[PDB]
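Student: Quick one, final19.cif (mmCIF, C-alpha atoms and all ligand atoms):
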```cif
data_my_file
#
loop_
_atom_site.label_atom_id
_atom_site.label_comp_id
_atom_site.auth_asym_id
_atom_site.auth_seq_id
_atom_site.Cartn_x
_atom_site.Cartn_y
_atom_site.Cartn_z
CA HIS U 1 -13.44 0.56 -15.93
CA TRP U 2 -12.27 -1.73 -13.02
CA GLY U 3 -12.98 -0.21 -9.69
CA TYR U 4 -14.52 -1.06 -6.34
CA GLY U 5 -18.28 -0.99 -7.01
CA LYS U 6 -20.93 -3.73 -7.22
CA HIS U 7 -20.45 -4.11 -10.88
CA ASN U 8 -16.68 -3.63 -11.39
CA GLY U 9 -15.14 -4.41 -8.04
CA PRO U 10 -12.74 -7.14 -6.96
CA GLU U 11 -14.86 -10.12 -7.80
CA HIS U 12 -15.04 -8.88 -11.49
CA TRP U 13 -11.36 -8.24 -12.03
CA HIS U 14 -10.48 -11.72 -13.28
CA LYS U 15 -12.44 -11.18 -16.50
CA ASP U 16 -9.93 -8.46 -17.62
CA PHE U 17 -6.94 -9.60 -15.59
CA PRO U 18 -6.98 -13.44 -15.37
CA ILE U 19 -3.93 -13.47 -13.03
CA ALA U 20 -6.51 -12.34 -10.38
CA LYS U 21 -6.90 -16.15 -9.85
CA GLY U 22 -3.13 -16.71 -9.86
CA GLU U 23 -0.76 -18.47 -7.53
CA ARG U 24 0.69 -15.56 -5.60
CA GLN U 25 -2.10 -12.93 -5.29
CA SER U 26 -2.33 -10.26 -2.56
CA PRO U 27 -3.49 -9.31 -0.04
CA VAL U 28 -3.76 -12.29 2.32
CA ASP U 29 -4.82 -12.97 5.87
CA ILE U 30 -1.76 -13.13 8.13
CA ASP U 31 -2.33 -16.08 10.50
CA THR U 32 0.05 -14.93 13.28
CA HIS U 33 0.20 -18.40 14.80
CA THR U 34 1.22 -20.15 11.66
CA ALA U 35 3.72 -17.43 10.43
CA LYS U 36 7.23 -19.03 10.51
CA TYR U 37 9.83 -17.16 12.58
CA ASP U 38 12.98 -16.86 10.47
CA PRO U 39 15.97 -15.94 12.67
CA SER U 40 18.07 -15.38 9.52
CA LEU U 41 15.83 -12.49 8.35
CA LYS U 42 17.74 -9.15 8.69
CA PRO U 43 16.43 -5.91 10.19
CA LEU U 44 14.59 -3.82 7.64
CA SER U 45 16.73 -0.82 6.50
CA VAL U 46 14.51 2.19 5.77
CA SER U 47 16.63 5.11 4.52
CA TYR U 48 14.27 7.99 4.00
CA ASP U 49 16.46 10.97 5.14
CA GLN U 50 16.95 12.31 1.60
CA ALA U 51 13.42 11.72 0.35
CA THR U 52 12.02 14.12 -2.17
CA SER U 53 8.24 14.20 -2.48
CA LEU U 54 6.95 15.93 -5.52
CA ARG U 55 3.23 15.73 -5.92
CA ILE U 56 0.04 14.25 -4.58
CA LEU U 57 -2.44 12.75 -7.09
CA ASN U 58 -6.05 11.45 -7.05
CA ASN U 59 -5.93 8.66 -9.61
CA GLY U 60 -9.54 7.62 -9.28
CA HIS U 61 -8.72 4.58 -7.05
CA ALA U 62 -6.74 6.17 -4.22
CA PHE U 63 -4.41 9.11 -3.67
CA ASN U 64 -0.63 8.69 -4.43
CA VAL U 65 2.13 10.85 -2.89
CA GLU U 66 4.93 10.58 -5.52
CA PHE U 67 8.65 10.85 -4.99
CA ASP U 68 11.64 11.59 -7.15
CA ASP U 69 13.00 8.10 -7.79
CA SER U 70 15.69 9.20 -10.30
CA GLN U 71 18.42 8.70 -7.61
CA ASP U 72 18.92 6.57 -4.48
CA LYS U 73 17.34 9.12 -2.14
CA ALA U 74 14.67 7.14 -0.22
CA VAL U 75 15.45 3.42 -0.31
CA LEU U 76 14.45 0.18 1.30
CA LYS U 77 16.92 -2.63 1.73
CA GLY U 78 17.83 -5.38 4.12
CA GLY U 79 14.95 -7.28 5.70
CA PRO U 80 14.18 -10.16 3.28
CA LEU U 81 15.53 -8.24 0.27
CA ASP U 82 18.63 -8.68 -1.79
CA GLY U 83 19.71 -5.34 -3.19
CA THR U 84 18.06 -2.00 -3.04
CA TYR U 85 14.66 -0.67 -3.74
CA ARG U 86 13.71 2.99 -4.47
CA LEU U 87 10.65 4.59 -3.02
CA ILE U 88 8.41 5.77 -5.92
CA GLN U 89 5.08 6.53 -4.13
CA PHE U 90 2.83 5.81 -1.24
CA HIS U 91 -0.91 5.48 -1.00
CA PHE U 92 -3.63 4.11 1.26
CA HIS U 93 -6.63 1.83 1.19
CA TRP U 94 -9.47 2.56 3.59
CA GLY U 95 -13.08 1.80 4.54
CA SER U 96 -16.50 3.36 4.80
CA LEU U 97 -16.38 2.55 8.55
CA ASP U 98 -13.56 2.26 11.09
CA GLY U 99 -14.15 -1.55 11.21
CA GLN U 100 -12.80 -2.22 7.70
CA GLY U 101 -10.50 -0.77 5.12
CA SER U 102 -7.17 -2.73 5.31
CA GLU U 103 -6.25 -5.21 2.54
CA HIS U 104 -4.14 -7.54 4.64
CA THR U 105 -5.78 -8.85 7.77
CA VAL U 106 -4.18 -10.22 10.98
CA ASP U 107 -5.94 -13.28 12.38
CA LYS U 108 -8.96 -12.10 10.24
CA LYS U 109 -8.94 -8.66 11.94
CA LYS U 110 -9.43 -5.65 9.67
CA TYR U 111 -7.80 -2.37 10.31
CA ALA U 112 -9.40 1.07 9.33
CA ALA U 113 -6.87 1.57 6.63
CA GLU U 114 -3.53 0.38 5.22
CA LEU U 115 -0.57 2.44 3.97
CA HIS U 116 1.55 1.04 1.09
CA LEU U 117 5.03 2.49 0.49
CA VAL U 118 5.93 1.20 -2.95
CA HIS U 119 9.53 0.61 -3.97
CA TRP U 120 11.19 -0.78 -7.14
CA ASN U 121 14.32 -2.86 -7.49
CA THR U 122 17.11 -0.65 -8.89
CA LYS U 123 18.58 -3.51 -10.91
CA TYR U 124 15.59 -3.07 -13.34
CA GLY U 125 16.19 0.61 -13.90
CA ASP U 126 12.55 1.82 -13.68
CA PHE U 127 9.20 0.96 -12.18
CA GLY U 128 7.64 -0.15 -15.51
CA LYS U 129 10.34 -2.67 -16.08
CA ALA U 130 10.41 -3.81 -12.44
CA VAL U 131 6.69 -4.76 -12.38
CA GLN U 132 7.39 -7.33 -15.12
CA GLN U 133 9.79 -9.19 -12.82
CA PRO U 134 9.10 -11.60 -10.00
CA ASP U 135 11.31 -9.60 -7.60
CA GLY U 136 10.62 -6.17 -9.04
CA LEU U 137 8.80 -4.48 -6.15
CA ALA U 138 9.03 -4.26 -2.38
CA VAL U 139 5.84 -2.84 -0.83
CA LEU U 140 6.00 -1.89 2.88
CA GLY U 141 2.50 -2.21 4.35
CA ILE U 142 1.55 -0.47 7.63
CA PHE U 143 -1.87 -0.80 9.30
CA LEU U 144 -3.82 2.23 10.57
CA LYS U 145 -6.06 1.97 13.64
CA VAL U 146 -8.28 4.78 14.82
CA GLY U 147 -7.17 6.35 18.14
CA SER U 148 -4.74 9.20 18.77
CA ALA U 149 -3.88 11.45 15.72
CA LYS U 150 -0.69 10.78 13.73
CA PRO U 151 0.84 14.28 13.50
CA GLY U 152 3.11 13.33 10.54
CA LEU U 153 -0.05 12.41 8.62
CA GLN U 154 -1.69 15.79 8.92
CA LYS U 155 0.15 17.47 6.02
CA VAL U 156 -1.37 14.79 3.71
CA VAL U 157 -4.89 15.10 5.21
CA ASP U 158 -4.91 18.88 4.89
CA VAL U 159 -4.13 18.87 1.11
CA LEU U 160 -6.95 16.38 0.19
CA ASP U 161 -9.55 19.01 -0.36
CA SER U 162 -7.37 20.25 -3.33
CA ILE U 163 -7.43 16.80 -5.04
CA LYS U 164 -11.03 15.79 -4.38
CA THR U 165 -11.84 14.28 -7.74
CA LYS U 166 -10.15 11.84 -10.19
CA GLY U 167 -7.26 13.40 -12.12
CA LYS U 168 -6.52 16.19 -9.74
CA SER U 169 -3.04 16.83 -8.46
CA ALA U 170 -1.18 19.24 -6.26
CA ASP U 171 2.36 20.10 -5.60
CA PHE U 172 3.53 18.23 -2.51
CA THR U 173 7.15 18.96 -1.56
CA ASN U 174 9.17 18.45 1.59
CA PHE U 175 6.85 15.64 2.91
CA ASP U 176 8.86 13.37 5.21
CA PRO U 177 7.56 9.76 5.10
CA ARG U 178 9.44 8.91 8.31
CA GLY U 179 6.49 10.59 10.11
CA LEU U 180 4.23 7.68 9.04
CA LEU U 181 6.27 4.84 10.54
CA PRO U 182 5.54 3.10 13.83
CA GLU U 183 8.25 2.66 16.46
CA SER U 184 8.96 -1.01 15.71
CA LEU U 185 10.15 -2.33 12.26
CA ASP U 186 9.24 -5.97 13.19
CA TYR U 187 7.54 -7.44 10.08
CA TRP U 188 5.94 -10.35 8.24
CA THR U 189 6.95 -11.05 4.65
CA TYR U 190 5.65 -13.20 1.74
CA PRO U 191 5.71 -13.12 -2.10
CA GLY U 192 2.58 -11.71 -3.65
CA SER U 193 1.18 -9.20 -6.16
CA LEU U 194 -0.09 -5.76 -6.81
CA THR U 195 -3.50 -5.55 -5.04
CA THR U 196 -5.08 -3.60 -7.96
CA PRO U 197 -5.12 -4.36 -11.60
CA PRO U 198 -2.91 -5.34 -13.36
CA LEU U 199 -2.42 -7.63 -10.33
CA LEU U 200 1.17 -8.44 -11.49
CA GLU U 201 2.98 -11.04 -9.32
CA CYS U 202 6.03 -8.86 -8.79
CA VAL U 203 5.86 -7.88 -5.09
CA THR U 204 7.85 -8.86 -2.01
CA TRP U 205 5.38 -7.86 0.72
CA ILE U 206 6.76 -6.58 4.02
CA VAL U 207 3.89 -5.93 6.47
CA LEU U 208 4.84 -4.20 9.83
CA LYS U 209 3.39 -5.87 12.93
CA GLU U 210 2.79 -2.51 14.76
CA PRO U 211 -0.06 -0.35 13.44
CA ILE U 212 0.13 3.39 13.55
CA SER U 213 -2.74 5.28 15.22
CA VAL U 214 -4.59 7.98 13.35
CA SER U 215 -7.52 10.00 14.56
CA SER U 216 -11.12 9.54 13.53
CA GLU U 217 -11.06 13.01 11.95
CA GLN U 218 -7.92 12.12 9.86
CA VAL U 219 -9.69 9.04 8.37
CA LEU U 220 -12.94 10.92 7.96
CA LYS U 221 -11.09 13.30 5.63
CA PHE U 222 -9.89 10.34 3.41
CA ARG U 223 -13.63 9.44 3.04
CA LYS U 224 -14.52 12.85 1.59
CA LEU U 225 -12.47 12.11 -1.50
CA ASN U 226 -14.21 11.04 -4.71
CA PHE U 227 -13.74 8.18 -7.18
CA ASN U 228 -15.40 10.35 -9.89
CA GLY U 229 -14.02 13.22 -11.91
CA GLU U 230 -15.13 16.81 -11.38
CA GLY U 231 -18.56 17.45 -12.82
CA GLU U 232 -19.64 13.79 -12.51
CA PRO U 233 -22.02 12.49 -9.87
CA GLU U 234 -20.42 12.09 -6.47
CA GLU U 235 -19.24 8.65 -5.54
CA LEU U 236 -17.30 8.80 -2.26
CA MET U 237 -13.85 7.14 -2.35
CA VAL U 238 -14.39 4.56 0.37
CA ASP U 239 -13.81 0.76 0.53
CA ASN U 240 -11.01 0.82 -2.04
CA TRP U 241 -9.58 -2.47 -0.67
CA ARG U 242 -9.25 -5.92 -2.19
CA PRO U 243 -10.28 -8.75 0.24
CA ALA U 244 -7.90 -11.42 1.31
CA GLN U 245 -6.91 -13.93 -1.39
CA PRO U 246 -6.04 -17.64 -1.04
CA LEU U 247 -2.56 -18.18 0.39
CA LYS U 248 -2.06 -21.25 -1.91
CA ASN U 249 1.37 -22.58 -1.84
CA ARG U 250 3.00 -19.83 0.26
CA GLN U 251 4.37 -19.48 3.80
CA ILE U 252 4.37 -16.14 5.63
CA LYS U 253 7.68 -15.47 7.44
CA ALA U 254 8.04 -13.37 10.62
CA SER U 255 11.07 -11.37 11.64
CA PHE U 256 10.18 -11.68 15.29
CA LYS U 257 9.18 -14.04 18.13
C1 LIG C 301 0.96 3.44 -13.95
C2 LIG C 301 1.94 4.02 -12.98
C3 LIG C 301 2.82 5.05 -13.38
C4 LIG C 301 3.73 5.58 -12.45
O1 LIG C 301 4.50 6.49 -12.72
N1 LIG C 301 3.73 5.08 -11.18
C5 LIG C 301 2.89 4.08 -10.82
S1 LIG C 301 3.07 3.60 -9.12
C6 LIG C 301 1.91 2.17 -9.16
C7 LIG C 301 1.73 1.55 -7.82
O2 LIG C 301 2.45 2.01 -6.91
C8 LIG C 301 0.77 0.47 -7.53
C9 LIG C 301 -0.04 -0.08 -8.59
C10 LIG C 301 -0.96 -1.03 -8.26
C11 LIG C 301 -1.04 -1.62 -6.98
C12 LIG C 301 -0.23 -1.11 -5.94
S2 LIG C 301 -0.27 -1.92 -4.33
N2 LIG C 301 -1.76 -1.69 -3.79
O3 LIG C 301 0.69 -1.32 -3.40
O4 LIG C 301 -0.04 -3.39 -4.56
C13 LIG C 301 0.67 -0.11 -6.25
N3 LIG C 301 2.00 3.54 -11.70
ZN ZN C 302 -1.93 -0.46 -2.26
#
```
Mind turning the file's structure into structure tokens?
Ligand SMILES: Cc1cc(=O)[nH]c(SCC(=O)c2cccc(S(N)(=O)=O)c2)n1
Ligand SMILES: [Zn+2]

Tutor:
Amino acid sequence: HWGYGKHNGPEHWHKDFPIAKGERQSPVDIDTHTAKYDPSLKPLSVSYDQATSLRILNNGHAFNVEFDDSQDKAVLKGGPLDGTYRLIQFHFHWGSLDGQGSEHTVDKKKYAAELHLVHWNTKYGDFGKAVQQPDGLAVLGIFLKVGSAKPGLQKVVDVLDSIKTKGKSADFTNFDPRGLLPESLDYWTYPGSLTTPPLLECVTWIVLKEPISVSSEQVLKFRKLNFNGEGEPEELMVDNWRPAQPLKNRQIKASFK
């Protein structure tokens, strides 16, 4: 029953998931002026050439594009990470209006949407074990602004009408996630959490400084999805973002400047 409505949205989550008020919750506002440059941070290594997408799923909260993570085919390493993390899925958060939708903010600015490419640390052998560990996940976050279309997004947008409602899925092979990346891999990083229940404090966040542009029509199509199942009243899947959480005792590190 958690979700993003008036009665079960983010401000309610702590009653089922008390870690919602924990010490390393996400997202957060990224104060660009107070981010610490760390000249010992390494370039991020994104190795997506052998990625294998499988399926796209409407889970009732967002849509996931899922990958075969049974081998080291699409991996993230380097950057602030020790060892190697396997891509398991990506998804987005977005708004009802172009002026909101991102989970992280930059100097309090909201983007129209945010892409999360979720990876798990191979030393834990699977995603369900990894989320129980403080260094189990590496989530690469990329902001979306509305402007020119992103052509490598259009395969995703065009399949959405087949997964409109909660529970629907569709085969989704040969999707190349390199088409969703901006030119620069400059990033911020900080230790945080999943941004939806169960809110587990298992994530190394890596947030790219450069947003990708998508067109207004591409984001409009995300807003035609539904939170409800087929044959239930229509509740459009919009504003599926958690607001910024207290930074507490954390420092955001920058790979640049
Ligand atoms: C329950 C389940 C089964 C599975 O096979 N795969 C997954 S992937 C879960 C996931 O990627 C995710 C789960 C919750 C939150 C976030 S976020 N917004 O990037 O912090 C990501 N979940
Ligand atoms: Zn997410």

Student: For residue U:69, please output as a compact mmCIF listing (two decimals) with C-alpha atoms, in the frame of the given file all residues within 7 Å (counting only C-alpha atoms; exclusion window: fewer than 4 positions along the same chain).

Tutor:
```txt
# COMPACT_ATOMS: atom_id res chain seq x y z
CA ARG U 86 13.71 2.99 -4.47
CA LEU U 87 10.65 4.59 -3.02
CA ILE U 88 8.41 5.77 -5.92
```

Student: Atom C7 of ligand LIG 301 (chain C) and atom CA of residue U:81, how far apart in Å?

Tutor: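 For atom CA of residue U:81 relative to atom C7 of ligand LIG 301 (chain C), the distance reads 18.8 Å.
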
Student: For ligand LIG 301 (chain C), collect every residue having any atom at a distance of at most 6 Å from a ligand atom (counting all atoms listed in the file); output as a list in words.

Tutor: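 The neighbouring residues of ligand LIG 301 (chain C) are, in order, residues 89, 116, 118, 139, 194, 195 and 196 of chain U.
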
Student: Show me, as JSON lines, the residues of chain U having an atom within 12 Å of ligand ZN 302 (chain C), each with the closest atom pair and its distance in Å, using only C-alpha atoms and all ligand atoms.

Tutor:
```
{"residue": "U:26", "atom": "CA", "partner": "C:ZN302", "partner_atom": "ZN", "distance": 9.8}
{"residue": "U:27", "atom": "CA", "partner": "C:ZN302", "partner_atom": "ZN", "distance": 9.3}
{"residue": "U:61", "atom": "CA", "partner": "C:ZN302", "partner_atom": "ZN", "distance": 9.7}
{"residue": "U:62", "atom": "CA", "partner": "C:ZN302", "partner_atom": "ZN", "distance": 8.4}
{"residue": "U:63", "atom": "CA", "partner": "C:ZN302", "partner_atom": "ZN", "distance": 10.0}
{"residue": "U:64", "atom": "CA", "partner": "C:ZN302", "partner_atom": "ZN", "distance": 9.5}
{"residue": "U:89", "atom": "CA", "partner": "C:ZN302", "partner_atom": "ZN", "distance": 10.1}
{"residue": "U:90", "atom": "CA", "partner": "C:ZN302", "partner_atom": "ZN", "distance": 7.9}
{"residue": "U:91", "atom": "CA", "partner": "C:ZN302", "partner_atom": "ZN", "distance": 6.2}
{"residue": "U:92", "atom": "CA", "partner": "C:ZN302", "partner_atom": "ZN", "distance": 6.0}
{"residue": "U:93", "atom": "CA", "partner": "C:ZN302", "partner_atom": "ZN", "distance": 6.3}
{"residue": "U:94", "atom": "CA", "partner": "C:ZN302", "partner_atom": "ZN", "distance": 10.0}
{"residue": "U:101", "atom": "CA", "partner": "C:ZN302", "partner_atom": "ZN", "distance": 11.3}
{"residue": "U:102", "atom": "CA", "partner": "C:ZN302", "partner_atom": "ZN", "distance": 9.5}
{"residue": "U:103", "atom": "CA", "partner": "C:ZN302", "partner_atom": "ZN", "distance": 8.0}
{"residue": "U:104", "atom": "CA", "partner": "C:ZN302", "partner_atom": "ZN", "distance": 10.1}
{"residue": "U:113", "atom": "CA", "partner": "C:ZN302", "partner_atom": "ZN", "distance": 10.4}
{"residue": "U:114", "atom": "CA", "partner": "C:ZN302", "partner_atom": "ZN", "distance": 7.7}
{"residue": "U:115", "atom": "CA", "partner": "C:ZN302", "partner_atom": "ZN", "distance": 7.0}
{"residue": "U:116", "atom": "CA", "partner": "C:ZN302", "partner_atom": "ZN", "distance": 5.1}
{"residue": "U:117", "atom": "CA", "partner": "C:ZN302", "partner_atom": "ZN", "distance": 8.0}
{"residue": "U:118", "atom": "CA", "partner": "C:ZN302", "partner_atom": "ZN", "distance": 8.1}
{"residue": "U:119", "atom": "CA", "partner": "C:ZN302", "partner_atom": "ZN", "distance": 11.6}
{"residue": "U:138", "atom": "CA", "partner": "C:ZN302", "partner_atom": "ZN", "distance": 11.6}
{"residue": "U:139", "atom": "CA", "partner": "C:ZN302", "partner_atom": "ZN", "distance": 8.3}
{"residue": "U:140", "atom": "CA", "partner": "C:ZN302", "partner_atom": "ZN", "distance": 9.6}
{"residue": "U:141", "atom": "CA", "partner": "C:ZN302", "partner_atom": "ZN", "distance": 8.1}
{"residue": "U:142", "atom": "CA", "partner": "C:ZN302", "partner_atom": "ZN", "distance": 10.5}
{"residue": "U:143", "atom": "CA", "partner": "C:ZN302", "partner_atom": "ZN", "distance": 11.6}
{"residue": "U:193", "atom": "CA", "partner": "C:ZN302", "partner_atom": "ZN", "distance": 10.1}
{"residue": "U:194", "atom": "CA", "partner": "C:ZN302", "partner_atom": "ZN", "distance": 7.2}
{"residue": "U:195", "atom": "CA", "partner": "C:ZN302", "partner_atom": "ZN", "distance": 6.0}
{"residue": "U:196", "atom": "CA", "partner": "C:ZN302", "partner_atom": "ZN", "distance": 7.2}
{"residue": "U:197", "atom": "CA", "partner": "C:ZN302", "partner_atom": "ZN", "distance": 10.6}
{"residue": "U:199", "atom": "CA", "partner": "C:ZN302", "partner_atom": "ZN", "distance": 10.8}
{"residue": "U:203", "atom": "CA", "partner": "C:ZN302", "partner_atom": "ZN", "distance": 11.1}
{"residue": "U:205", "atom": "CA", "partner": "C:ZN302", "partner_atom": "ZN", "distance": 10.8}
{"residue": "U:207", "atom": "CA", "partner": "C:ZN302", "partner_atom": "ZN", "distance": 11.8}
{"residue": "U:240", "atom": "CA", "partner": "C:ZN302", "partner_atom": "ZN", "distance": 9.2}
{"residue": "U:241", "atom": "CA", "partner": "C:ZN302", "partner_atom": "ZN", "distance": 8.1}
{"residue": "U:242", "atom": "CA", "partner": "C:ZN302", "partner_atom": "ZN", "distance": 9.1}
```

Student: For residue U:71, which of U:106, U:208, U:23, U:122 is the closest residue, counting all atoms listed in the file?

Tutor: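 For residue U:71, the nearest of the given residues is U:122.
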
Student: Determine the nearest neighbour of residue U:214 from the options U:162, U:255, U:154, U:169, counting only C-alpha atoms.

Tutor: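 Looking at the shortest contact to residue U:214, the residue is U:154.
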
Student: Under the rule that only C-alpha atoms are counted, which of U:18, U:136, U:177, U:246 is the nearest residue to residue U:74?

Tutor: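 Of U:18, U:136, U:177, U:246, the one nearest residue U:74 is U:177, counting only C-alpha atoms.
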
Student: Write out as a list in words which residues come within 8 Å of residue U:209 when counting all atoms listed in the file, dropping same-chain ones fewer than 6 positions away.

Tutor: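 Near residue U:209, the qualifying residues are residues 142, 184, 185, 186, 187 and 188 of chain U.
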
Student: Using Å and a single decimal, report how far atom CA of residue U:2 sits from atom CA of residue U:59.

Tutor: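 Atom-to-atom, atom CA of residue U:59 to atom CA of residue U:2, that is 12.6 Å.
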
Student: Residues within 12 Å of (3.4, -23.9, 3.1), file coordinates, counting all atoms listed in the file: what are they? Give the list as a PyMOL selection string.

Tutor: chain U and resi 34-36+190+247-253
